[PDB]
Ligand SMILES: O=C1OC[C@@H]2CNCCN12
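Below sits a lone chain in structure tokens, taken as the form solved without the ligand.
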């Protein structure tokens, strides 16, 4: 999988045609304000980043999730979700790259901060539960630079190819958040195989702005390993999937 794009994944993972697949188009006019959504709590003051890795499909920054350092709580969530890693999906052009869309609009990229429900003890147990993960999704549009992103961009040359990693300590993910925490939420899935339906998605309404030069540097990563023909790492997003009977709730309006 990666002739092997998202339209093929159902043959190995039949849940690809399931009832709670992600991403989805967020129709802002049909999302329902839910005044009962409890306040969202993003507590990242003790986050401990470890490493950055080129997985062959995207890059990710991993955290020490062996204690409750950085956690997500509140909003639609019951209980405590620990930050495990963040990663991005992005496009070959500035008008595509996000996984979720808003009124059919695609953004240049989307940041996913992935958290697992600590009641399940480990993330591998959490991924087999309907409420195992909470992913905070943040859109990226191209405009002014994002200062809090530059440390990540500057390390990408050291993880150009599949399977490279590098130390990535002391990175503060708070620098990647927009001002507002207004959000939409809905039940969905992972967006790559095995596509399991274990995610409570929380998608922030306010995008962050990143510079043309920052996203250009995402696009110089490679899907291939070292010493293999170069395939630029672009368009690593899954398109919107049918919403089926689901309701998207809004925390605002």
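Numbering follows the first chain given and starts at 1.
Engineer: Unmodelled stretch from the deposited sequence between residue 2 and residue 3, which bin: none, 1 to 3, 4 to 9, 10 or more?
Structural biologist: Going from residue 2 to residue 3, the model skips 1 to 3 residues of the deposited sequence.
Engineer: For the stretches 197-205 and 222-230, which has the higher mean C-alpha B-factor as given in the deposited record?
Structural biologist: Higher mean C-alpha B-factor: 222-230.
Engineer: Determine, for stretches 35-43 and 213-221, which one has the higher mean CA B-factor as deposited.
Structural biologist: So the stretch with the higher mean C-alpha B-factor is 35-43.
Engineer: Pick out which of 26, 190, 58, 70 has the highest C-alpha B-factor in the PDB entry.
Structural biologist: Comparing C-alpha B-factors across 26, 190, 58, 70, the top value belongs to 70.
Engineer: Identify, among 130, 97, 137, 173, the residue whose C-alpha carries the highest B-factor in the deposited PDB entry.
Structural biologist: Each of 130, 97, 137, 173 was compared by C-alpha B-factor; the highest is 130.
Engineer: Classify residue 80 as lowest, middle or highest third according to the C-alpha B-factor given in the PDB entry, relative to its own chain.
Structural biologist: Within its chain, residue 80 is a highest-third residue by C-alpha B-factor, going by the deposited values.
Engineer: Mind checking which third residue 151 falls in for C-alpha B-factor across the chain?
Structural biologist: It falls in the top third of the chain.
Engineer: Divide the modelled residues of the chain into thirds by Cα B-factor and specify which third, lowest, middle or highest, holds residue 160.
Structural biologist: Middle third.
Engineer: Once the chain's modelled residues are ordered by C-alpha B factor and cut into thirds, is residue 182 in the lowest, middle or highest one?
Structural biologist: CA B-factor rank for residue 182: middle third.
Engineer: Can you tell me whether residue 143 has a C-alpha B-factor in the lowest, middle or highest third compared with the other modelled residues of the same chain?
Structural biologist: Middle third, going by the recorded CA B-factors of the chain.
Not pictured, yet referred to below: the form solved in complex with the ligand.
Engineer: Though the ligand is not shown, can you say which of 31, 37, 204, 42 has a heavy atom within 4.5 Å of it in the deposited complex?
Structural biologist: Flagged contact: 31.
Engineer: With a cut-off of 4.5 Å between heavy atoms, is residue 218 one of the residues that contacts the ligand in the deposited complex?
Structural biologist: It does not: once the ligand is placed as it appears in the deposited complex, residue 218 has no heavy atom within 4.5 Å of it.
Engineer: Out of 86-105, which residues reach within 4.5 Å of the ligand in the deposited complex, heavy atoms considered?
Structural biologist: The stretch does not touch the partner at all.
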